[PDB]
């Protein structure tokens, strides 16, 4: 499994443990154990984004 997610909306980081993404970005999923905040990797940065702002691609 590739563990990819698609950004549904832009998100601006508000804390240093978050990441910024743009709608249409394809992120790597690291940890989806929390229902509200998922840890993702977008290039060379890792951090949290809201789960509701992304969709798992398979």
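A short reminder: the numbers here are calculations on the coordinates, not readings from a lab. Neighbour counts run over all protein chains shown; Cβ positions are idealised from the backbone, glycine included.
Just to be sure, is residue 51 touching a residue at least 24 places away in the same chain (Cβ under 8 Å), surrounded by 15 or more Cβ atoms within 10 Å (Cβ to Cβ) and in contact with a strand residue (DSSP E or B) (Cβ under 9 Å, 6 or more places away or on another chain)?
The answer is no for residue 51.
Results for (1) assigned to a loop (DSSP other than H, G, I, E, B); (2) surrounded by 17 or more Cβ atoms within 10 Å (Cβ to Cβ); (3) in contact with a helix residue (DSSP H, G or I) (Cβ under 6 Å, 6 or more places away or on another chain); (4) free of Cβ contacts under 8 Å to residues at least 40 places away in the same chain, shown as yes or no for each residue.
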residue	(1), (2), (3), (4)
16	yes, no, no, yes
24	yes, no, no, yes
27	no, yes, no, yes
30	no, no, no, yes
34	yes, no, no, yes
38	no, yes, yes, yes
41	no, no, no, yes
